[PDB]
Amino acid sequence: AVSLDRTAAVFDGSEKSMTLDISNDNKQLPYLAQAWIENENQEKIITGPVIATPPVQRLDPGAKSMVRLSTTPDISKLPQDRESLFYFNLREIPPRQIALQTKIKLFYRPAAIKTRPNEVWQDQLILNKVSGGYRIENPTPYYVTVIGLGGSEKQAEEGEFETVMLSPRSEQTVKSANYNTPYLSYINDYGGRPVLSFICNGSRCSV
């Protein structure tokens, strides 16, 4: 079984490339590993502006390798004030029993919106009480992945399948209960799952 080094990747727009480490954790049989890039619509794109190499590769048992993610000149065609979403894809082909694949989000982040250290831009989310839920607003230049909404801090962490991903400078309507003091849980850049407290004022709520 081929393992990836992470569950989500931020592509620093400052760099022209970056690598991901993979490894065949089977200490006996060898595995193939196909890699490819998709756009936000999940459609395979082969001419860039982000490409994966090598496309396919053999991993001897217990071996460790990598995949390279480089950009092409038309990388400047993508917006430079917001992130763009791609999906890094990976399929492991077992030797002679079915192939398994995974896709992780690949967040291309232009150098202009490179975040400052210890920066928490998720403070800018705005909650709007709607009919049976919230019209959540993300004014930031980044995709924010919400994983739980609660009435208490620990209640924002017990949801099972409450995952909602917002686009930069957008709004979504999420079906939800109406809490007095909503607490939002989210995934950060490294995989942390911090919680935010909101104080509502009428229909509109903020941190």
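In case it trips you up, residue 1 is the first one in the sequence shown, and so on.
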Which class describes the count of deposited residues lacking coordinates between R96 and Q97: none, 1 to 3, 4 to 9, or 10 or more? 4 to 9
Decide which of the stretches 135-143 and 167-175 has the higher mean C-alpha B-factor, going by the entry. 167-175
Would you tell me which stretch averages the higher CA B-factor in the PDB entry, 5-13 or 18-26? 18-26
If you check the C-alpha B-factor for each of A35, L149, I46, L69 in the entry, which is highest? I46
Looking at the C-alpha B-factor of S76, is it in the lowest, middle or highest third of its chain? highest
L106 CA temperature factor, ranked by third within the chain: lowest
For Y183, return the chain-relative third of its C-alpha B-factor as stated in the PDB record: lowest, middle or highest. middle
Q122: CA temperature factor from the record, placed by chain third, in the middle
Compared with the other modelled residues in the chain, in which third is the CA B-factor of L100? middle
